[PDB]
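One chain follows as structure tokens, the form deposited in one PDB entry.
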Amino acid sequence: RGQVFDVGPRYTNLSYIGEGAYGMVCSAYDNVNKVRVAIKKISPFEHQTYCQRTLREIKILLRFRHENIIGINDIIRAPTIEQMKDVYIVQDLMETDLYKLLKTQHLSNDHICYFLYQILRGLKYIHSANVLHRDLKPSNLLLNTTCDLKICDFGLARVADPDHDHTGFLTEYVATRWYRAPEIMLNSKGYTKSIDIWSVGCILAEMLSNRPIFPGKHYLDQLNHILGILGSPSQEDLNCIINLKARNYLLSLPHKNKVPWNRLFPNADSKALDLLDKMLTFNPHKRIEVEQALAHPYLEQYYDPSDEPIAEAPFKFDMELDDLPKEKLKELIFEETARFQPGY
């Protein structure tokens, strides 16, 4: 529908689901497994940025194997790099994403607790492979008819690099704004696992009220919203911010008191709010880690370290495809998708 969707013989009966930039997603029938599946068309070979997000995601999703992470069952493309204009990614078909649910459905504490658990169970695996998602948000969280959750879209995911994390004040950033951590606008490049935890916390706050917690309308407004609820950062939290332009801005701000979680979330579970507090901690070094998040009393009826697997092996270092030209990426996208062609 709309435009060309050439998913070959093995997939039939196309139904539009949704799209976006350099992509488009339909549902089809897998004749080999007799089950309906989701397929996403990708046309990234235009400029490097698309190719870059497409290579990462294919490279990661293909090495990752986890119940709460979306997998790639199949990849359809042309037999030659010279004929390849599009690439099709076959993935599990899910009923919906968390973004849609929050629009019309009120979640029970049980649903909130289970959804939270699956997010962290999957995030733990991701960080085990030394990888950051870096764009966690409701729309990147898929649910099926029995409320099984799968994290998707690793287009902004990078290998963790905490040693080269520092940067100047008000540094431009690409991930979704409502879920950007405080330090992003202050002095962080986003190469620390503490980036993801913050977003999860934003997500946990949004699940409690069906509203985004920090809905900034622009870059610096995002920091205002956060400071408006957590209140002024303490002296010790302020001493960790060594960058002067960053520290002075915070200093130039009038003293603001923190708003009690139970003031914002009246009918929320106390154990939930306590964990929310740990996740939405201003100081990234103090912010609770994922494996602590699971061991938290709130997730007590699900927590089981033996049933929450980690990666067999991480990614050695940051993927160097950062300054790699359009041509080499297409070649790499081509080489990464080879295992799915019949002549292989």
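Heads up: residue numbers just count along the shown sequence, starting at 1. We call the rigid core the largest set of C-alpha positions that still match within 1.5 Å between the two forms.
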Greater mean Cα temperature factor according to the PDB record, 122-130 or 157-165:
157-165
The stretch carrying the higher mean Cα B factor in the deposited entry, 326-334 or 11-19, is 11-19
Per the entry, which of 28, 61, 280, 294 tops the list for Cα B factor?
28
Highest CA B factor of 51, 288, 310, 276, as deposited, is found at 51
Once the chain's modelled residues are ordered by C-alpha B factor and cut into thirds, is residue 301 in the lowest, middle or highest one?
middle
Based on the entry's values, in what third of the chain does the Cα temperature factor of residue 261 lie: lowest, middle or highest?
middle
Going by the CA temperature factor in the PDB record, which third of the chain does residue 172 belong to: lowest, middle or highest?
highest
Going by the entry, which third of its chain does the Cα temperature factor of residue 269 land in?
middle
For residue 252, return the chain-relative third of its C-alpha B-factor as stated in the PDB record: lowest, middle or highest.
lowest
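The form deposited with a partner chain bound is left out here; the points below concern that form.
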Give a yes or no on whether every one of 234, 277 and 292 sits within 4.5 angstroms of the partner chain in the deposited complex by heavy atom.
no
Which of these residues, 198, 115, 125, 154, gets a heavy atom within 4.5 Å of the partner chain in the deposited complex?
115
Under a 4.5 angstroms heavy atom criterion, identify the one residue in 111, 258, 271, 193 near the partner chain in the deposited complex.
111
I'd like to know if residue 101 sits close to the partner chain in the deposited complex, meaning any non-hydrogen atom pair within 4.5 angstroms.
yes
For residue 158, is any heavy atom within 4.5 Å of the partner chain in the deposited complex, or not?
no
Taking heavy atoms only, is residue 78 within 4.5 angstroms of the partner chain in the deposited complex?
no
Applying a 4.5 Å heavy atom distance criterion, does residue 301 contact the partner chain in the deposited complex?
yes
For the partner chain in the deposited complex, the stretch among 200-208, 125-133, 70-78, 88-96 with residues bearing a heavy atom within 4.5 Å is 88-96
Only one of 114, 173, 261, 99 crosses a C-alpha shift of 2 angstroms between the shown form and the other one, counting 2 angstroms or more, core aligned. Which residue?
173
Could you tell me whether the Cα atom of residue 22 shifts by at least 2 Å between the shown form and the other one after core superposition?
yes
Relative to the superposed rigid core, does the CA atom of residue 225 travel 2 Å or more between the shown form and the other one?
no
With both forms fitted on the core, check whether the Cα of residue 243 differs by 2 Å or more between the shown form and the other one.
yes
The CA atoms of residue 190 and residue 206 move 3 Å or more in the deposited complex, ending up farther
The CA atoms of residue 283 and residue 191 move 3 Å or more in the deposited complex, ending up closer
